[PDB]
2 protein chains.
Amino acid sequence: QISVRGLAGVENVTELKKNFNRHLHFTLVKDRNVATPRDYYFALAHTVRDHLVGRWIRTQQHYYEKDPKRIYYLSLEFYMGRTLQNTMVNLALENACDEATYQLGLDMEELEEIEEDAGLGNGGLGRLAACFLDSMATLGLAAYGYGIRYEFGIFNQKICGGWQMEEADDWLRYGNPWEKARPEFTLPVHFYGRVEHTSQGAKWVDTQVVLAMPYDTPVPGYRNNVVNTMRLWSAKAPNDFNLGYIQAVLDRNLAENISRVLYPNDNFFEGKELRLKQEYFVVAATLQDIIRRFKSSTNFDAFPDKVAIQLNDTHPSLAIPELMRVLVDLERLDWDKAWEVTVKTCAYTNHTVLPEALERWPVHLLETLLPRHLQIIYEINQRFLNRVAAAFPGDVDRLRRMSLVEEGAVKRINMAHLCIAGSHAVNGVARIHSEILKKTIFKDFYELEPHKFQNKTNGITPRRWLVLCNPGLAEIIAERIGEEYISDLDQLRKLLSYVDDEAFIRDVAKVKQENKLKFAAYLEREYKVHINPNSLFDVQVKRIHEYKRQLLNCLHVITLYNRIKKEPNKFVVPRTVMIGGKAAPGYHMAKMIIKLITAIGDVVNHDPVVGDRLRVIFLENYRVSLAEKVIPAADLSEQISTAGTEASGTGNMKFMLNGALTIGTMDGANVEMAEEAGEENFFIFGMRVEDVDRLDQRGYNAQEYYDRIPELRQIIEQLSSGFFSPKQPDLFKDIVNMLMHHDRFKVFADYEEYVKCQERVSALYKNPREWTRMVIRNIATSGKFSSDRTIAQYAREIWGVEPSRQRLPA
Amino acid sequence: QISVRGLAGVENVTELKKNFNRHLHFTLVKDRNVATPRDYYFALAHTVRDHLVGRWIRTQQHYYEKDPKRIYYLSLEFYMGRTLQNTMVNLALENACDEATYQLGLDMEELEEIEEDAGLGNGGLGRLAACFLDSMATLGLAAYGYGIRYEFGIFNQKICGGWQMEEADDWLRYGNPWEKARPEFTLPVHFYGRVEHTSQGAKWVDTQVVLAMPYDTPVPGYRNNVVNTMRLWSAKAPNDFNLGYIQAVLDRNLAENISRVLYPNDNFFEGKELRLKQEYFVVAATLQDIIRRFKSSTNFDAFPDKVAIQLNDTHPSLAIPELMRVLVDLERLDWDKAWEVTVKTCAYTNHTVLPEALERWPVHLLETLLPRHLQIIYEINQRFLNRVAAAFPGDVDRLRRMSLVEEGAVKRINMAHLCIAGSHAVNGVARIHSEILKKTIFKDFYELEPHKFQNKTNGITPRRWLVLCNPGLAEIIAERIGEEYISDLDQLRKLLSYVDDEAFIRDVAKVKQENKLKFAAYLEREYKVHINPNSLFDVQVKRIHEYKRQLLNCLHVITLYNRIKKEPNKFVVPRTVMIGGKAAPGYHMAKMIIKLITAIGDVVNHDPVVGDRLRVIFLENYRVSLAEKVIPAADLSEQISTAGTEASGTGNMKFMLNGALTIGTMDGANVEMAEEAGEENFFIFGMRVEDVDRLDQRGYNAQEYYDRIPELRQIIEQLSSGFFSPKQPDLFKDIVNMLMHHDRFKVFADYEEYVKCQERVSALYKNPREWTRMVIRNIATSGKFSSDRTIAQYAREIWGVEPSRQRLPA
Ligand SMILES: O=[N+]([O-])c1ccc(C2C[C@]3(ON2)O[C@H](CO)[C@@H](O)[C@H](O)[C@H]3O)cc1
Ligand SMILES: O=[N+]([O-])c1ccc(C2C[C@]3(ON2)O[C@H](CO)[C@@H](O)[C@H](O)[C@H]3O)cc1
């Protein structure tokens, strides 16, 4: 049908059809008479998977022969989503499979909807890892993603009576065609035990053993025949485990629980033992794999020349003392040499400045679980603090501030401090965030080792986030400037010369309308909700957190409702306000915010006076597959975090690429987005970081705003009195109390400017032509936000490797 | 190489080679440069599996079109062993695959050794189910085996310091190529809850739900293109299970533990809740499947015309009240009609008379777990006892004896009584056993309903137990009488005309010598033990139990040793005595017997005066794959249970078919074996059942034998004094105490006749020609013991279906 989806050749279509029929018979053990849509999905998945294998084997043997420097990306989260369409896109198989399935009497888009998301992440951090894997393969880097194969990913969210309910995401129920179990490469991981000092160094003895079994998933690059590997470890009990008999076998579950479930906290630290076990499990298994592969190329001087380890936040921070453990205790290297190798091998990416998200492990936990690692951490701290003392003599408070060990009621290890000490590079994820790191939380470290500190602004893959989810936009762009931009997104700048092109303006607006129609149809089918497709689609989708200020959005929604009710016969630009996102199961306030949103919807959506002018919808079970549907349909992207709180954001970039305009604070990557597009083409409002600082120095008093803004006062009085909960008048008392007395994120302080800015959005939307011209200027300047740019920078500035767009032989 | 292994055609070999290479590439994702023997095994298994699929699909659609009466064989155990060779044998692919792998530079026999046993059974009962499945497919019956897919089968046995150690049999670690998961056919199973009485019958409410997910394994018939199904259920938690969050997900293990592990008890009842859950789990899921398939053919009058349910012992006995539950509570049938259908549908096979093996469930367990089933059981009992009272008026003691409810300290339900009441046929498993049932434990029931009671003497499949494990013998037989005997074992009678044939005598003896050489080589390679291949191979392999009297064998071994030590320079026929078998983990005496055997070996095997004249070896980890190796190599089969204790035995039949002579008591199928071969061709000794009864009436006094037999006295004095345990003098005190004071199985009573009989064995072995002629007379009369004969009898006399040897189209 469309050009960017590749060729549908007679030979290819014929071959795909026969392999589809082969798999249905031999693999699924079904015939066309009893086969269901799910059977058809699996037959298609196996058919496409077959095309990966040759490339996968030859890529990995190529790395063995050429022996390039290997990049190991360690993460506790990989939010991969669906794999079928992505694989077809990267292999240029989409049109061919579309034709083949059509000739078999099947609709491929229907089949694609059957696949479960691989939901092995919480949101932004996990999705970044996934975009990064795609870019690393596209840029021909010898890269390996390493993590945990959770049996249960992020929970499925159900909404019952306006409240979030959680259910287990049993994503492996029907099997995972994309993974290859590798039980032959199983590795032992040690826990507990004790340290024994001998004539020749320390020994870690009397340990409990858990086995780490790897599952490998292919990661295809964009049309370059490169297929890299994501290796995820699964926990297994040894066969003599606990070996009355029956209970011993049943107790194997205790060891195997390590890989059972993803912790569902977004930007929050929970110091549970099981989480620590997960973190060591991934690190210990991965490092053995790294060392084995290095030895199969004695001389560890060359280790940093052949190995780069990237720590995705502090979650895999134990890699630092684990590498030291292996080099000192097992390989018999002297401390100083081992440390030099470790520092040159490891690099650390920080993803947030929120204090509650920072990992600070109680010493007593590490003492019991990982006694040798604690000893190593103490020794690292002593040697590091000796360096600080030499550089800043007499500065005793600096010594306590910089220590890896924090004193108090319970002694803790600061994992961020550990990472900085043991890494040659430390980066933030957007320019403003990286600057905040050097100015505030890591100021002392920057002063000691300025060369260590870098910025690497986040990005998103244009394969998943344009070509896959928005083929219509990809096609109209390709019609004018060709296909090269898909792996070189800076080429979108060429679209600036089409901003006054009448045909292009029409096409851009047509594509958006088509996307909105499709999404309005999706909503009616799966959720029985009706929306006006001519209204402005106002979208805020992201995890529910106070810092992200879904509450500020709520206040605007109520303002709009109250203004309509005051002047019902006055014209207003119609809006569909969509808010979606999951709350962490133990985060009470986040769960109350979800309830508020649905409660507002219950009032607004059923008021006859409002009509079709305002609709408020909560998007249930927000996840990667849903993002692919809603983002192409959006007109307005809500990126309204308090300045200085969102390290980068990546959702923001997805909306920019897909033809939505942005309303946002000068926070995270929003700053760079506005810089790229021009401030005139962005709806910027509210306090800057400096303004938040001034308010903090003075003391934030919410009452002041309540007293001086009558429209704001009305809303608070409505919430308190039970206007949005008639049967339970005091339901939202916690929310009002927080807003009025202990709001860390200053919702009221940005209210007036936010409402004002929203009026300017509505004004522009009244002029379709000028709205679309501004959209074109956003799409055209979104190139910087490709994860190909991000990864090229990591490669050149941290890892010391050169990217390559050269094809491997097919 | 050999005829019975089929043709190796040019087209077939070429095709097998290319499909092997295809699977290695696309399925295993390996190339020849990094592939291991295990990879090669899996490539072969997938290649052979491909040949099953067409036949599997067309067999099942054939049953859908023809709608024959379906046979459902319910068992908690299916001891399948390895599948690769069996599949090749039944599909006539053995020589072709041998050639194809040879041309690829691989040894197929080496590859076959990689496959794990499917060890989902304890011994005889589980292996009977497996032989039965093979015969049902070979006889073209529409038969389905239903059970549980245990994650862990029978434990692997290790011997440490002469003691049994258990380890988990992680049989699924590398995956199971033979099963097909069918998550789409998952069914709910209910536990706990309460009974609610309404205007329209009882309702079972407030239940806990566990999901039953089926895995299907193909069961190929012998060269008839029939492929039946064994469906095994796996336990799964529902997704809202226990739905703080983390613990709820972790607690899913509680539901899923149902299918975790096989209870390792052979002939012993352990009244644990988890075992009851397993039994209901299989029954509830299976019955829903049966009813669904019946409805997809309202009128339950035809149910028994279309469905037969065979209960393999009392383990699936809950099928009776569960069928009643479904028919009465859910389908709204009247009690009397439902009962008529149930009785006509169900049949029960009893497998033992040992009191400790009989299932007697505490009422309080059933009350809590299955409250509705208990109510139904009570109602069945009341109506049954009303029938007894009408037939035998005033006989109050008969009423208490026959009741399904047993009174006492704890009230219990007798599951055997439940099965007899609710089945139209009740059978024992050998003529003597079936007679014992009518004369003793079920006398009252036989008197009430004589027509119900039948015999079905056990059998073994000649495919696995001759063609597969002993191709050399199969071939020399085929050379004379053709190939028809493999599916018509009665044809072996034709070999009686070759008993004086000098060429045949030589060939039979040659095949045995070759088998002995191969096994002697297997022992040295995998276990580093050296044996004389010219010695008589004296073998007792079976589960370790007091009734099987491994101890009597031990006494003879010591007698032989003591006689050698008394007269060292006197000639004796050299023996290798091999004893193998697993002990239940909680069975202390059985574990002590294993220790005794190894302790005797430690003394005998290292005495320089003995030389190579006597060797005592404990065969570690006895299992189906090991049986296939040792049975073809045996000269003497030890079947020495106390008369009236071994219901049938099946190991006995395997040895008979493979050219060993039998030393045995008149117990179980031994009686019929001797009847078939002629008593002159069997080494029969010891008490008959009537002799055991006489001794019981008089009182068994072991001291009498000790006092009157000096050779026996010596052995007891050696055991007591510490001759076989110098470092721990009193180690075997429990054994001596049991033998002397509380021996239920009268070891001493058969000692003299046993030793005498063994002398006659040694005498015959001195004359190779006459030994072999007697062997030929055993092989020639083993035909009755084919499970094809057994299944034909079940089909005609219980199930009301006719077997068929007709081919389905290929
Ligand atoms: O399980 N955690 O402890 C955890 C999860 C997710 C995060 C984050 C941090 C964050 O999103 N999720 O990383 C993204 C990728 O760099 C940024 O775009 C977000 O601004 C940041 O909040 C931090 C810690
Ligand atoms: O788990 N159980 O409760 C259980 C297991 C095995 C058995 C048996 C009974 C037995 O062997 N195993 O059945 C065979 C097949 O009919 C007979 O050949 C044996 O004589 C009998 O002991 C009974 C009960």
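Indexing begins at 1, ligand by ligand and atom by atom, following the structure's order. Excluded from the calculations below are hydrogen atoms, water molecules and symmetry mates; all remaining heavy atoms, backbone and side chain alike, are included. Residue numbers start from 1 in every chain, and the chains themselves are labelled A, B, ... in the order their sequence lines are given, proteins ahead of strands.
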Decide salt bridge (charged side-chain N to carboxylate O under 4.0 Å, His left out) for B:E672 and B:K784; before the verdict, give the C-alpha distance in whole Å, the side-chain angles of both, and the deciding distance to 0.1 Å. CA-CA 9 Å; B:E672 291 163 81; B:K784 173 177 167 171; 2.9 Å; yes

In this structure, atom 4 (C) of ligand 1 is nearest to the protein heavy atom A:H315 CE1, 3.7 Å

A:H545 near ligand 1 by a heavy-atom separation under 4.0 Å:
no

Quick look: A:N265 vs ligand 1, heavy-atom contacts under 4.0 Å, and the answer is backbone

Going by the 4.0 angstrom heavy-atom rule, the piece of A:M653 near ligand 1 is neither

| Hey, what's the ring geometry for B:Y547 with B:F745, parallel, tilted or perpendicular (30° and 60° as the breaks)? | tilted

From the list A:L133, A:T461, A:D134, A:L128, side chain to side chain contact (heavy atoms under 4.5 Å, CB included) partner of A:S787 resolves to A:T461

* Is the distance between the ring centroids of A:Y587 and A:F268 under 6.0 Å? -> no

Worksheet entry | Test: A:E646 and A:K548 ion pair at under 4.0 Å | yes

### Message
Does this structure show an ion pair linking A:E546 with A:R744, if we count only N-O contacts that are shorter than 4.0 Å?
### Response
no

protein heavy-atom neighbour closest to atom 20 (O) of ligand 1 works out as A:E646 OE2, 2.8 Å

Just checking B:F155 against A:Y245, ring centres under 6.0 Å apart? yes

Logged contact type for B:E356 with ligand 2, heavy-atom cut-off 4.0 Å, is neither

At under 4.0 Å between heavy atoms, what of B:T352 touches ligand 2? The answer is neither

Short version for B:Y547: what comes under 4.0 Å of ligand 2, heavy atoms counted, is side chain

Honestly, for A:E77 the part within reach of ligand 1 (heavy atoms, under 4.0 Å) is side chain

Residues A:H433, A:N350; criterion side chain to side chain donor-acceptor pair (under 3.5 Å); working and verdict: CA-CA 9 Å; A:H433 170 61; A:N350 173 276; 2.9 Å; yes

Among B:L262, B:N350, B:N122, B:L125, the residue with a heavy atom nearest to atom 7 (C) of ligand 2 is B:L125

The single option from A:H351, A:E359, A:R360, A:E279 that satisfies side-chain hydrogen bond (donor to acceptor under 3.5 Å, both in side chains) with A:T314 is A:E359

Per-atom filter on ligand 1: closer than 4.0 angstrom to a heavy atom of A:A647 are 20 (O)

The atoms of ligand 1 lying under 4.0 Å from a heavy atom of A:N458, numbered in the order shown, are 15 (C), 16 (O), 18 (O)

request  = Would you check if the distance from the ring center of A:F785 to the ring center of A:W465 is below 6.0 Å?
outcome  = no

among protein heavy atoms, the one nearest atom 10 (C) of ligand 2 is B:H351 O, 3.8 Å

of all protein heavy atoms, closest to atom 23 (C) of ligand 1 is A:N267 OD1, 3.8 Å

Taking only non-hydrogen atoms of A:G649, do any sit less than 4.0 angstrom from ligand 1? yes

